[PDB]
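data01.cif follows; it contains mmCIF, C-alpha atoms and all ligand atoms.
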data_coords
loop_
_atom_site.label_atom_id
_atom_site.label_comp_id
_atom_site.auth_asym_id
_atom_site.auth_seq_id
_atom_site.Cartn_x
_atom_site.Cartn_y
_atom_site.Cartn_z
CA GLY A 1 4.70 -18.82 -10.62
CA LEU A 2 1.90 -16.45 -9.65
CA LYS A 3 2.64 -13.74 -12.24
CA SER A 4 2.29 -16.35 -15.00
CA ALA A 5 -0.80 -18.07 -13.59
CA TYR A 6 -2.44 -14.63 -13.45
CA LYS A 7 -1.03 -13.25 -16.69
CA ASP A 8 -4.42 -12.85 -18.41
CA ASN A 9 -5.91 -11.19 -15.35
CA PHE A 10 -3.61 -8.61 -13.77
CA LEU A 11 -0.07 -7.90 -12.58
CA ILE A 12 1.11 -9.67 -9.42
CA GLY A 13 3.36 -7.43 -7.34
CA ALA A 14 5.40 -7.25 -4.14
CA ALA A 15 6.65 -4.40 -1.93
CA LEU A 16 10.42 -4.68 -1.59
CA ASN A 17 12.42 -3.31 1.33
CA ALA A 18 15.91 -1.85 0.82
CA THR A 19 17.75 -5.07 1.78
CA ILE A 20 15.86 -7.11 -0.83
CA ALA A 21 16.06 -4.48 -3.55
CA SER A 22 19.87 -4.37 -3.14
CA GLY A 23 19.98 -7.62 -5.18
CA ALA A 24 22.45 -9.24 -2.77
CA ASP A 25 20.09 -12.13 -1.88
CA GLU A 26 20.19 -14.60 -4.78
CA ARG A 27 17.43 -16.79 -3.32
CA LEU A 28 15.08 -13.82 -3.24
CA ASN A 29 16.15 -12.63 -6.69
CA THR A 30 15.14 -16.02 -8.04
CA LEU A 31 11.83 -16.07 -6.20
CA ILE A 32 10.90 -12.52 -7.17
CA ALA A 33 11.66 -13.02 -10.89
CA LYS A 34 9.59 -16.21 -10.83
CA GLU A 35 6.57 -14.91 -8.89
CA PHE A 36 6.12 -11.19 -9.46
CA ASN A 37 5.96 -8.88 -12.43
CA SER A 38 5.48 -5.65 -10.45
CA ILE A 39 7.28 -4.14 -7.46
CA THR A 40 6.81 -1.18 -5.11
CA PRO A 41 9.46 0.31 -2.80
CA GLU A 42 8.38 -0.36 0.79
CA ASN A 43 9.99 2.81 2.24
CA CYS A 44 12.87 4.27 0.27
CA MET A 45 10.88 6.77 -1.88
CA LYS A 46 8.94 8.25 1.03
CA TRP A 47 9.78 11.92 1.57
CA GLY A 48 11.15 11.52 5.12
CA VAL A 49 13.24 8.48 4.17
CA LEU A 50 14.69 9.78 0.90
CA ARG A 51 15.40 13.26 2.35
CA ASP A 52 16.68 14.51 5.67
CA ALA A 53 15.11 17.23 7.81
CA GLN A 54 17.13 19.86 5.95
CA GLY A 55 15.68 18.69 2.63
CA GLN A 56 18.94 17.02 1.51
CA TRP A 57 18.57 14.00 -0.79
CA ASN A 58 20.26 10.63 -0.69
CA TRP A 59 19.44 8.44 -3.67
CA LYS A 60 21.27 5.20 -2.73
CA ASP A 61 18.27 3.00 -1.96
CA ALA A 62 15.80 4.56 -4.39
CA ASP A 63 18.27 4.14 -7.24
CA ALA A 64 18.95 0.52 -6.16
CA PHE A 65 15.20 -0.18 -6.29
CA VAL A 66 14.87 1.23 -9.82
CA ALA A 67 17.98 -0.65 -10.94
CA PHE A 68 16.52 -3.89 -9.55
CA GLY A 69 13.24 -3.38 -11.45
CA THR A 70 15.14 -2.49 -14.62
CA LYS A 71 17.43 -5.49 -14.29
CA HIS A 72 14.44 -7.84 -14.00
CA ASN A 73 12.11 -5.95 -16.35
CA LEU A 74 9.48 -5.48 -13.64
CA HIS A 75 6.66 -2.98 -13.66
CA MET A 76 7.52 -0.39 -10.99
CA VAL A 77 5.23 1.68 -8.80
CA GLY A 78 6.56 4.84 -7.12
CA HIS A 79 5.40 5.13 -3.49
CA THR A 80 4.51 7.86 -2.58
CA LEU A 81 4.80 11.53 -3.54
CA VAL A 82 2.43 13.28 -1.10
CA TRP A 83 1.48 11.68 2.23
CA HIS A 84 1.19 12.84 5.86
CA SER A 85 3.30 9.97 7.32
CA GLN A 86 7.10 9.40 7.25
CA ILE A 87 7.73 13.06 6.42
CA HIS A 88 9.60 15.62 8.52
CA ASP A 89 7.60 18.21 10.46
CA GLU A 90 10.18 20.68 9.10
CA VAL A 91 8.41 20.46 5.75
CA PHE A 92 5.33 22.16 7.23
CA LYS A 93 6.47 24.02 10.32
CA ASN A 94 8.86 26.62 11.58
CA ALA A 95 10.98 25.43 14.48
CA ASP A 96 8.59 27.29 16.84
CA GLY A 97 5.72 25.01 15.72
CA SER A 98 3.94 27.59 13.51
CA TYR A 99 2.89 26.60 9.99
CA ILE A 100 4.55 28.00 6.89
CA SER A 101 2.39 29.69 4.23
CA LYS A 102 0.47 27.82 1.53
CA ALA A 103 2.80 29.42 -1.07
CA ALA A 104 5.93 28.23 0.75
CA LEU A 105 4.56 24.69 1.02
CA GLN A 106 3.49 24.72 -2.63
CA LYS A 107 7.08 25.56 -3.61
CA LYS A 108 8.36 22.60 -1.58
CA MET A 109 5.78 20.28 -3.19
CA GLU A 110 6.82 21.52 -6.63
CA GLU A 111 10.49 20.90 -5.95
CA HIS A 112 9.86 17.46 -4.47
CA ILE A 113 7.65 16.15 -7.26
CA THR A 114 9.68 17.70 -10.08
CA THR A 115 12.85 16.17 -8.65
CA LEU A 116 11.56 12.74 -7.63
CA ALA A 117 9.12 12.01 -10.43
CA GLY A 118 11.55 13.68 -12.83
CA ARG A 119 14.47 11.44 -11.93
CA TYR A 120 12.52 8.29 -12.69
CA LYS A 121 10.37 9.64 -15.56
CA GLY A 122 9.73 6.73 -17.92
CA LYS A 123 11.28 4.23 -15.53
CA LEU A 124 8.43 3.99 -13.03
CA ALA A 125 5.21 3.03 -14.80
CA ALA A 126 2.94 4.34 -12.05
CA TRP A 127 2.91 6.61 -8.99
CA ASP A 128 0.96 6.70 -5.77
CA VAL A 129 0.66 10.47 -6.07
CA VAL A 130 -1.38 10.99 -2.90
CA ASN A 131 -1.77 8.40 -0.07
CA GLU A 132 -4.39 8.33 2.71
CA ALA A 133 -6.18 11.70 2.36
CA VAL A 134 -9.57 10.70 3.83
CA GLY A 135 -9.69 10.47 7.59
CA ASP A 136 -11.21 7.61 9.49
CA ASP A 137 -14.04 9.95 10.56
CA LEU A 138 -14.94 10.27 6.82
CA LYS A 139 -13.91 13.90 6.65
CA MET A 140 -10.71 14.97 4.86
CA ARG A 141 -7.72 13.84 6.92
CA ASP A 142 -6.61 16.68 9.20
CA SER A 143 -2.97 16.48 8.11
CA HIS A 144 -0.55 19.39 7.84
CA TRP A 145 -0.92 19.12 4.04
CA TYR A 146 -4.66 19.68 4.26
CA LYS A 147 -4.64 22.27 7.04
CA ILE A 148 -2.18 24.44 5.08
CA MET A 149 -3.35 23.89 1.51
CA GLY A 150 -6.92 22.57 1.50
CA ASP A 151 -7.82 20.10 -1.24
CA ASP A 152 -5.41 21.92 -3.53
CA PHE A 153 -2.69 19.70 -1.98
CA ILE A 154 -4.26 16.78 -3.87
CA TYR A 155 -5.19 18.63 -7.05
CA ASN A 156 -1.72 20.21 -7.35
CA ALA A 157 0.13 16.96 -6.57
CA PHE A 158 -1.61 15.13 -9.44
CA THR A 159 -1.25 18.07 -11.85
CA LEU A 160 2.48 18.33 -11.06
CA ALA A 161 3.12 14.59 -11.38
CA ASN A 162 1.28 14.60 -14.72
CA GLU A 163 3.42 17.51 -16.01
CA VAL A 164 6.62 15.82 -14.93
CA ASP A 165 5.87 12.35 -16.34
CA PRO A 166 2.89 12.51 -18.71
CA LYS A 167 3.16 8.73 -19.31
CA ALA A 168 2.93 7.70 -15.63
CA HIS A 169 -0.25 6.01 -14.43
CA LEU A 170 -1.26 8.23 -11.51
CA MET A 171 -3.05 6.77 -8.52
CA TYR A 172 -4.80 7.80 -5.37
CA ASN A 173 -4.20 5.14 -2.66
CA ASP A 174 -5.93 4.46 0.70
CA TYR A 175 -6.86 1.88 3.34
CA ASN A 176 -10.32 0.85 4.58
CA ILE A 177 -11.88 2.11 1.36
CA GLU A 178 -13.10 -1.51 1.05
CA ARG A 179 -15.67 -0.46 3.63
CA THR A 180 -18.96 1.38 3.58
CA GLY A 181 -18.52 4.94 4.77
CA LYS A 182 -14.95 5.55 3.66
CA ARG A 183 -15.69 4.12 0.21
CA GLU A 184 -18.40 6.69 -0.45
CA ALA A 185 -16.39 9.57 1.03
CA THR A 186 -13.53 8.65 -1.31
CA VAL A 187 -15.78 8.38 -4.36
CA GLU A 188 -17.20 11.83 -3.62
CA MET A 189 -13.75 13.39 -3.22
CA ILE A 190 -12.33 11.86 -6.38
CA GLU A 191 -15.45 12.57 -8.45
CA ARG A 192 -15.26 16.25 -7.78
CA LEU A 193 -11.52 16.44 -8.29
CA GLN A 194 -12.01 14.73 -11.64
CA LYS A 195 -14.73 17.23 -12.61
CA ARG A 196 -12.32 20.02 -11.63
CA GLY A 197 -10.04 18.42 -14.27
CA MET A 198 -7.49 16.63 -12.07
CA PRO A 199 -5.48 14.01 -13.99
CA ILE A 200 -5.84 10.61 -12.34
CA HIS A 201 -5.76 7.16 -13.92
CA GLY A 202 -6.01 4.64 -11.10
CA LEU A 203 -7.40 3.99 -7.67
CA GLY A 204 -5.41 1.96 -5.16
CA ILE A 205 -7.21 -0.07 -2.49
CA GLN A 206 -4.53 -1.01 0.02
CA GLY A 207 -6.15 -4.30 1.08
CA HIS A 208 -4.74 -4.57 4.59
CA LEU A 209 -7.28 -7.26 5.49
CA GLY A 210 -8.15 -9.22 8.58
CA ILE A 211 -8.46 -12.98 8.53
CA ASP A 212 -12.27 -12.44 8.78
CA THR A 213 -13.11 -8.76 8.07
CA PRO A 214 -13.99 -7.03 5.85
CA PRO A 215 -16.30 -9.42 3.98
CA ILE A 216 -15.95 -10.10 0.27
CA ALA A 217 -19.26 -8.30 -0.43
CA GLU A 218 -17.87 -5.04 0.90
CA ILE A 219 -14.66 -5.29 -1.13
CA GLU A 220 -16.80 -6.10 -4.18
CA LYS A 221 -18.86 -2.89 -3.74
CA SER A 222 -15.63 -0.88 -3.73
CA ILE A 223 -14.17 -2.52 -6.85
CA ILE A 224 -17.41 -1.73 -8.67
CA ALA A 225 -17.77 1.82 -7.32
CA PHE A 226 -14.20 2.89 -8.08
CA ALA A 227 -14.30 1.36 -11.58
CA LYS A 228 -17.42 3.46 -12.25
CA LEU A 229 -15.20 6.56 -11.87
CA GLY A 230 -13.41 5.49 -15.06
CA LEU A 231 -10.35 4.50 -13.03
CA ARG A 232 -8.27 1.31 -13.11
CA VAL A 233 -8.47 -0.48 -9.77
CA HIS A 234 -5.31 -1.74 -8.10
CA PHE A 235 -4.93 -3.72 -4.88
CA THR A 236 -1.72 -2.26 -3.62
CA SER A 237 -0.65 -3.47 -0.16
CA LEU A 238 -2.31 -6.85 0.35
CA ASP A 239 -1.84 -8.79 3.53
CA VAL A 240 -4.00 -10.75 5.95
CA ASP A 241 -3.57 -10.13 9.68
CA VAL A 242 -4.05 -13.47 11.51
CA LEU A 243 -3.36 -12.20 15.06
CA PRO A 244 -5.77 -11.08 17.79
CA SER A 245 -7.14 -7.66 16.87
CA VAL A 246 -6.94 -4.54 19.00
CA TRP A 247 -8.97 -2.42 16.59
CA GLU A 248 -12.30 -3.00 18.42
CA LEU A 249 -11.48 -2.86 22.13
CA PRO A 250 -13.38 -1.36 25.12
CA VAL A 251 -12.72 2.25 26.11
CA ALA A 252 -10.77 1.22 29.25
CA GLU A 253 -8.25 -0.47 26.93
CA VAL A 254 -7.98 2.32 24.30
CA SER A 255 -4.55 3.40 25.54
CA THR A 256 -3.01 0.03 26.41
CA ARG A 257 -4.27 -1.85 23.37
CA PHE A 258 -0.98 -1.29 21.50
CA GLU A 259 1.02 -2.75 24.39
CA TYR A 260 2.71 -6.10 23.89
CA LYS A 261 0.84 -8.88 25.74
CA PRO A 262 1.59 -12.61 25.30
CA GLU A 263 -2.12 -13.44 24.75
CA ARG A 264 -2.08 -11.07 21.75
CA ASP A 265 0.87 -12.94 20.22
CA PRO A 266 -0.26 -16.57 20.38
CA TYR A 267 1.69 -18.11 17.47
CA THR A 268 5.35 -17.49 18.27
CA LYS A 269 6.12 -21.20 17.91
CA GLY A 270 4.40 -21.50 14.51
CA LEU A 271 1.02 -20.98 12.81
CA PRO A 272 -0.96 -24.19 13.35
CA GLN A 273 -2.37 -26.04 10.36
CA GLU A 274 -5.95 -25.04 11.20
CA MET A 275 -5.00 -21.37 10.86
CA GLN A 276 -3.01 -22.10 7.69
CA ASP A 277 -6.28 -23.53 6.38
CA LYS A 278 -8.24 -20.40 7.37
CA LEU A 279 -5.60 -18.15 5.85
CA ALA A 280 -5.63 -20.16 2.58
CA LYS A 281 -9.44 -19.98 2.37
CA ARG A 282 -9.40 -16.24 3.03
CA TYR A 283 -6.87 -15.61 0.25
CA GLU A 284 -8.78 -17.94 -2.08
CA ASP A 285 -12.03 -16.01 -1.43
CA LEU A 286 -10.20 -12.77 -2.18
CA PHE A 287 -8.63 -13.95 -5.43
CA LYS A 288 -11.92 -15.46 -6.60
CA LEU A 289 -13.36 -11.95 -6.30
CA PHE A 290 -10.40 -10.42 -8.14
CA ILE A 291 -10.75 -12.99 -10.95
CA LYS A 292 -14.48 -12.18 -11.15
CA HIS A 293 -13.62 -8.50 -11.67
CA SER A 294 -10.41 -8.97 -13.61
CA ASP A 295 -11.75 -6.57 -16.28
CA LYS A 296 -11.60 -3.75 -13.68
CA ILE A 297 -8.31 -4.59 -11.92
CA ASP A 298 -4.78 -3.82 -13.18
CA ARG A 299 -2.73 -5.27 -10.32
CA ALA A 300 -2.57 -7.13 -7.05
CA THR A 301 0.49 -6.22 -5.00
CA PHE A 302 1.34 -7.88 -1.69
CA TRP A 303 2.87 -5.73 1.04
CA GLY A 304 6.01 -7.86 1.28
CA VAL A 305 7.31 -11.14 -0.10
CA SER A 306 7.60 -13.35 2.97
CA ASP A 307 6.31 -13.32 6.54
CA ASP A 308 9.69 -12.49 8.12
CA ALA A 309 9.70 -9.07 6.48
CA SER A 310 6.04 -8.11 7.02
CA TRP A 311 5.31 -4.78 8.66
CA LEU A 312 2.50 -6.55 10.59
CA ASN A 313 5.13 -8.16 12.82
CA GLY A 314 5.57 -4.67 14.30
CA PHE A 315 2.21 -3.00 13.61
CA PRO A 316 0.08 -2.30 15.40
CA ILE A 317 1.92 -4.06 18.25
CA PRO A 318 5.72 -4.17 18.23
CA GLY A 319 7.47 -7.56 18.24
CA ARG A 320 4.67 -9.94 17.28
CA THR A 321 4.97 -13.01 15.07
CA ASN A 322 2.47 -12.55 12.27
CA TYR A 323 1.85 -14.71 9.16
CA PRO A 324 0.31 -12.39 6.58
CA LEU A 325 1.79 -13.27 3.20
CA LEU A 326 2.20 -16.13 0.69
CA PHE A 327 5.73 -17.23 1.63
CA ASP A 328 6.89 -18.32 5.06
CA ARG A 329 10.01 -17.32 7.02
CA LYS A 330 12.05 -19.89 5.11
CA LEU A 331 10.76 -18.53 1.76
CA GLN A 332 8.61 -21.62 1.20
CA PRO A 333 5.14 -21.22 -0.30
CA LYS A 334 2.30 -21.50 2.24
CA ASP A 335 -0.98 -23.34 1.65
CA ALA A 336 -2.52 -20.02 0.51
CA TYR A 337 -0.09 -19.82 -2.45
CA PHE A 338 -1.19 -23.20 -3.81
CA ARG A 339 -4.88 -22.28 -3.53
CA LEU A 340 -4.13 -19.18 -5.61
CA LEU A 341 -2.38 -21.23 -8.27
CA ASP A 342 -5.20 -23.81 -8.33
CA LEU A 343 -7.77 -21.10 -9.08
CA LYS A 344 -6.06 -20.53 -12.43
CA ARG A 345 -4.75 -24.02 -13.21
CA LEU A 346 -8.25 -25.37 -13.00
CA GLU A 347 -10.17 -22.44 -14.52
CA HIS A 348 -12.93 -23.38 -17.02
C1 LIG A 401 -1.91 8.04 13.71
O1 LIG A 401 -2.42 7.34 12.59
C2 LIG A 401 -2.90 6.01 12.81
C3 LIG A 401 -4.22 5.90 12.01
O2 LIG A 401 -5.20 6.80 12.53
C4 LIG A 401 -4.76 4.46 12.01
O3 LIG A 401 -5.90 4.32 11.18
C5 LIG A 401 -3.67 3.48 11.55
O4 LIG A 401 -3.35 3.80 10.18
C6 LIG A 401 -2.59 2.82 9.49
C7 LIG A 401 -3.47 1.82 8.80
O5 LIG A 401 -4.10 1.05 9.84
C8 LIG A 401 -5.33 0.48 9.44
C9 LIG A 401 -6.39 0.83 10.49
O6 LIG A 401 -7.60 0.09 10.27
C10 LIG A 401 -7.46 -1.27 10.26
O7 LIG A 401 -8.72 -1.90 9.92
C11 LIG A 401 -9.49 -2.21 11.07
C12 LIG A 401 -9.60 -3.73 11.21
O8 LIG A 401 -10.52 -4.04 12.25
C13 LIG A 401 -11.78 -3.58 12.01
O9 LIG A 401 -12.68 -4.12 12.96
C14 LIG A 401 -11.81 -2.08 12.02
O10 LIG A 401 -13.13 -1.61 11.77
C15 LIG A 401 -10.88 -1.59 10.92
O11 LIG A 401 -10.78 -0.19 10.96
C16 LIG A 401 -6.44 -1.74 9.25
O12 LIG A 401 -6.24 -3.13 9.41
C17 LIG A 401 -5.12 -1.02 9.46
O13 LIG A 401 -4.15 -1.38 8.49
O14 LIG A 401 -2.79 1.05 7.92
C18 LIG A 401 -2.16 1.73 6.85
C19 LIG A 401 -1.11 2.63 7.47
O15 LIG A 401 -0.40 3.33 6.47
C20 LIG A 401 -1.76 3.58 8.46
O16 LIG A 401 -0.77 4.28 9.18
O17 LIG A 401 -2.55 3.58 12.39
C21 LIG A 401 -1.92 4.86 12.37
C22 LIG A 401 -0.61 4.72 13.22
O18 LIG A 401 -0.66 4.29 14.38
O19 LIG A 401 0.44 5.04 12.66
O1 LIG A 402 11.36 2.24 12.00
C1 LIG A 402 10.77 2.71 10.81
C2 LIG A 402 9.40 2.03 10.64
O2 LIG A 402 8.48 2.76 11.43
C3 LIG A 402 8.92 2.04 9.21
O3 LIG A 402 7.74 1.19 9.07
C4 LIG A 402 7.19 1.27 7.77
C5 LIG A 402 5.85 1.99 7.83
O4 LIG A 402 5.24 2.01 6.55
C6 LIG A 402 4.92 0.76 6.08
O5 LIG A 402 4.29 0.83 4.78
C7 LIG A 402 2.97 1.35 4.82
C8 LIG A 402 1.94 0.28 5.17
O6 LIG A 402 0.64 0.86 5.17
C9 LIG A 402 0.24 1.42 3.97
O7 LIG A 402 0.10 0.43 2.99
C10 LIG A 402 1.22 2.48 3.49
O8 LIG A 402 0.84 2.94 2.19
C11 LIG A 402 2.62 1.89 3.44
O9 LIG A 402 3.58 2.90 3.15
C12 LIG A 402 6.15 -0.08 5.92
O10 LIG A 402 5.79 -1.39 5.52
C13 LIG A 402 6.97 -0.14 7.20
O11 LIG A 402 8.19 -0.77 6.92
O12 LIG A 402 9.92 1.62 8.40
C14 LIG A 402 11.01 2.52 8.34
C15 LIG A 402 11.74 2.44 9.68
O13 LIG A 402 12.81 3.36 9.73
CL CL A 403 13.04 -0.37 3.48
MG MG A 404 12.36 0.58 -17.96
#

How would this structure read if it were set down as structure tokens?
Amino acid sequence: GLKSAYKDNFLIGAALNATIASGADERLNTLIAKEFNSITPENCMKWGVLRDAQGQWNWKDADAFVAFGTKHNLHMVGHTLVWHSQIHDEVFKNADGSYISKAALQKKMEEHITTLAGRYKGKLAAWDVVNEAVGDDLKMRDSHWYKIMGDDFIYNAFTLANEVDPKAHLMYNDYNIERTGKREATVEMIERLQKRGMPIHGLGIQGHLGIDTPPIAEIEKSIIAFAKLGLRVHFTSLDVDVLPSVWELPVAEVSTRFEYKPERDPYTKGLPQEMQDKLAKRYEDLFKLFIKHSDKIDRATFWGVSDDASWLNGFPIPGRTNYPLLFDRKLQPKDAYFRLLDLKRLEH
């Protein structure tokens, strides 16, 4: 399978949802053990999912994930300690809407990281310590984390994770850092945190790609730039959106562009062969680039195993039929999978 074809290059990973990680699905257990040598929990280790609004913890799914990776001797990536999404407003705010103090939030961060990274110390090889801290306007993301703490939210998160599990490979992770603008903003941020002495080992490029954009040349500039920081590069959340895009619409449509419209969901009956071809070529281009820079890259993780479970079926438009991954809704390899294998089978 893929993990073997790519053994000399980098880990091949998949994000697993709670149903899959339960181990109840023997077909998927077989597929995963064959194809992947790394896994990431799709949701169950996110603050707002693992803990309720009162801060109470329920370990059922997170423990099942770690047991699944242990059972199959898979490399495991914790996702994610400090992020502005899927986390209760109660972490940052009094019930009246006012923010708590930096000191009060620091205490909560300390408890969360010490508990979560502590529980799985030595079991998870790597952590996404901070996710998505640069805004799309190229300034620091205006999250509650940042408004309350400043860049100390990042510095302290990494320092804490490193104290709790000194052996964990610590990563900063973000999307659209494949692109000019956000790439350079991220380099600048990381550079200066590193100089300040922040422990950090890896840089995660999410790799939520379109069927066309961004171009290989842009992704290449990012691999090279982030490697120059003395960080291992990981592609962490790979998928290829094949459906009509709403990211670039006229101002009149800004509000309604996330509305379900039949014309925006054109492949409910199946993805036609011509698009299978385009998808295969796009993945082949991508993996050619990864092979080229294999010396810089530790891992390529897909954000899901098969199309039926992809978050792109519901994002950014609910209820679409997307085709973003290497296995179809019947768990059969798509044309893209075979192109990926051929790149290695036939390597000179
Ligand atoms: C309220 O938060 C919003 C974010 O502001 C928004 O960026 C988005 O965040 C998602 C993230 O979505 C990215 C957005 O960018 C896409 O890339 C575009 C492709 O078309 C090109 O022409 C554009 O130039 C590109 O920007 C990319 O495909 C998406 O994946 O994905 C990662 C998520 O964790 C993050 O939430 O959406 C959220 C939101 O609505 O929740
Ligand atoms: O109804 C809830 C859903 O809203 C929720 O969707 C998850 C949102 O997060 C996605 O993963 C992110 C994808 O983008 C980046 O790569 C981030 O780093 C990822 O965390 C999940 O794939 C979706 O499943 O799921 C929970 C549910 O209760
Ligand atoms: Cl899940
Ligand atoms: Mg172990």

List all protein, DNA and RNA residues that have at least one atom no more than 6 Å from any atom of ligand CL 403 (chain A), counting all atoms listed in the file, and write them as a PyMOL selection string.
chain A and resi 17-18+42-44

For CA of residue 318 in chain A and CA of residue 280 in chain A, quote the distance in Å rounded to one decimal.
25.1 Å

What separation in Å, quoted to one decimal, exists between CA of residue 50 in chain A and atom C8 of ligand LIG 401 (chain A)?
23.7 Å

Just checking: using all atoms listed in the file, which residue out of A:128, A:191, A:152, A:25 ends up closest to ligand LIG 402 (chain A)?
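For ligand LIG 402 (chain A), the nearest of the given residues is A:128.
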
Spatial neighbours of residue 192 in chain A, max dist 12 Å, only C-alpha atoms, sep filter under 5 positions, as a PyMOL selection string:
chain A and resi 151+154-155+185-187+197-200+229

At a cut-off of 9 Å, can you tabulate as JSON lines every residue of chain A near ligand LIG 401 (chain A) together with its closest atom pair and the distance in Å to one decimal, using all atoms listed in the file and ordering rows by chain then number?
{"residue": "A:85", "atom": "CA", "partner": "A:LIG401", "partner_atom": "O16", "distance": 7.2}
{"residue": "A:131", "atom": "CA", "partner": "A:LIG401", "partner_atom": "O15", "distance": 8.4}
{"residue": "A:132", "atom": "CA", "partner": "A:LIG401", "partner_atom": "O15", "distance": 7.4}
{"residue": "A:135", "atom": "CA", "partner": "A:LIG401", "partner_atom": "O2", "distance": 7.6}
{"residue": "A:136", "atom": "CA", "partner": "A:LIG401", "partner_atom": "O3", "distance": 6.5}
{"residue": "A:174", "atom": "CA", "partner": "A:LIG401", "partner_atom": "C18", "distance": 7.7}
{"residue": "A:175", "atom": "CA", "partner": "A:LIG401", "partner_atom": "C18", "distance": 5.9}
{"residue": "A:176", "atom": "CA", "partner": "A:LIG401", "partner_atom": "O7", "distance": 6.2}
{"residue": "A:179", "atom": "CA", "partner": "A:LIG401", "partner_atom": "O10", "distance": 8.6}
{"residue": "A:206", "atom": "CA", "partner": "A:LIG401", "partner_atom": "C18", "distance": 7.7}
{"residue": "A:207", "atom": "CA", "partner": "A:LIG401", "partner_atom": "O13", "distance": 8.2}
{"residue": "A:208", "atom": "CA", "partner": "A:LIG401", "partner_atom": "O13", "distance": 5.1}
{"residue": "A:209", "atom": "CA", "partner": "A:LIG401", "partner_atom": "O12", "distance": 5.8}
{"residue": "A:210", "atom": "CA", "partner": "A:LIG401", "partner_atom": "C12", "distance": 6.3}
{"residue": "A:213", "atom": "CA", "partner": "A:LIG401", "partner_atom": "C13", "distance": 6.6}
{"residue": "A:214", "atom": "CA", "partner": "A:LIG401", "partner_atom": "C13", "distance": 7.4}
{"residue": "A:237", "atom": "CA", "partner": "A:LIG401", "partner_atom": "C18", "distance": 8.9}
{"residue": "A:240", "atom": "CA", "partner": "A:LIG401", "partner_atom": "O12", "distance": 8.7}
{"residue": "A:241", "atom": "CA", "partner": "A:LIG401", "partner_atom": "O12", "distance": 7.5}
{"residue": "A:245", "atom": "CA", "partner": "A:LIG401", "partner_atom": "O8", "distance": 6.8}
{"residue": "A:246", "atom": "CA", "partner": "A:LIG401", "partner_atom": "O8", "distance": 7.7}
{"residue": "A:247", "atom": "CA", "partner": "A:LIG401", "partner_atom": "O8", "distance": 4.9}
{"residue": "A:248", "atom": "CA", "partner": "A:LIG401", "partner_atom": "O9", "distance": 5.6}
{"residue": "A:312", "atom": "CA", "partner": "A:LIG401", "partner_atom": "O13", "distance": 8.7}
{"residue": "A:315", "atom": "CA", "partner": "A:LIG401", "partner_atom": "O18", "distance": 7.9}
{"residue": "A:316", "atom": "CA", "partner": "A:LIG401", "partner_atom": "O18", "distance": 6.7}

Just-selected residues, C-alpha atoms written as a compact mmCIF listing (two decimals), keeping the file's coordinate frame:
# COMPACT_ATOMS: atom_id res chain seq x y z
CA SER A 85 3.30 9.97 7.32
CA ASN A 131 -1.77 8.40 -0.07
CA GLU A 132 -4.39 8.33 2.71
CA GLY A 135 -9.69 10.47 7.59
CA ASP A 136 -11.21 7.61 9.49
CA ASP A 174 -5.93 4.46 0.70
CA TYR A 175 -6.86 1.88 3.34
CA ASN A 176 -10.32 0.85 4.58
CA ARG A 179 -15.67 -0.46 3.63
CA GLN A 206 -4.53 -1.01 0.02
CA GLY A 207 -6.15 -4.30 1.08
CA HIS A 208 -4.74 -4.57 4.59
CA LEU A 209 -7.28 -7.26 5.49
CA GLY A 210 -8.15 -9.22 8.58
CA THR A 213 -13.11 -8.76 8.07
CA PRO A 214 -13.99 -7.03 5.85
CA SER A 237 -0.65 -3.47 -0.16
CA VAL A 240 -4.00 -10.75 5.95
CA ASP A 241 -3.57 -10.13 9.68
CA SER A 245 -7.14 -7.66 16.87
CA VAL A 246 -6.94 -4.54 19.00
CA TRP A 247 -8.97 -2.42 16.59
CA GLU A 248 -12.30 -3.00 18.42
CA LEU A 312 2.50 -6.55 10.59
CA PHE A 315 2.21 -3.00 13.61
CA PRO A 316 0.08 -2.30 15.40

So that I can see what lies close to residue 222 in chain A, please list as a compact mmCIF listing (two decimals) with C-alpha atoms, in the coordinates of the input the residues with an atom at most 12 Å from it, counting only C-alpha atoms and leaving out residues fewer than 2 positions away in the same chain.
# COMPACT_ATOMS: atom_id res chain seq x y z
CA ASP A 174 -5.93 4.46 0.70
CA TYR A 175 -6.86 1.88 3.34
CA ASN A 176 -10.32 0.85 4.58
CA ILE A 177 -11.88 2.11 1.36
CA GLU A 178 -13.10 -1.51 1.05
CA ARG A 179 -15.67 -0.46 3.63
CA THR A 180 -18.96 1.38 3.58
CA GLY A 181 -18.52 4.94 4.77
CA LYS A 182 -14.95 5.55 3.66
CA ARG A 183 -15.69 4.12 0.21
CA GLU A 184 -18.40 6.69 -0.45
CA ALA A 185 -16.39 9.57 1.03
CA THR A 186 -13.53 8.65 -1.31
CA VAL A 187 -15.78 8.38 -4.36
CA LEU A 203 -7.40 3.99 -7.67
CA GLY A 204 -5.41 1.96 -5.16
CA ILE A 205 -7.21 -0.07 -2.49
CA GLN A 206 -4.53 -1.01 0.02
CA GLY A 207 -6.15 -4.30 1.08
CA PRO A 214 -13.99 -7.03 5.85
CA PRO A 215 -16.30 -9.42 3.98
CA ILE A 216 -15.95 -10.10 0.27
CA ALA A 217 -19.26 -8.30 -0.43
CA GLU A 218 -17.87 -5.04 0.90
CA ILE A 219 -14.66 -5.29 -1.13
CA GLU A 220 -16.80 -6.10 -4.18
CA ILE A 224 -17.41 -1.73 -8.67
CA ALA A 225 -17.77 1.82 -7.32
CA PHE A 226 -14.20 2.89 -8.08
CA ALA A 227 -14.30 1.36 -11.58
CA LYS A 228 -17.42 3.46 -12.25
CA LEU A 229 -15.20 6.56 -11.87
CA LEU A 231 -10.35 4.50 -13.03
CA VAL A 233 -8.47 -0.48 -9.77
CA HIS A 234 -5.31 -1.74 -8.10
CA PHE A 235 -4.93 -3.72 -4.88
CA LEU A 289 -13.36 -11.95 -6.30
CA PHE A 290 -10.40 -10.42 -8.14
CA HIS A 293 -13.62 -8.50 -11.67
CA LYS A 296 -11.60 -3.75 -13.68
CA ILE A 297 -8.31 -4.59 -11.92
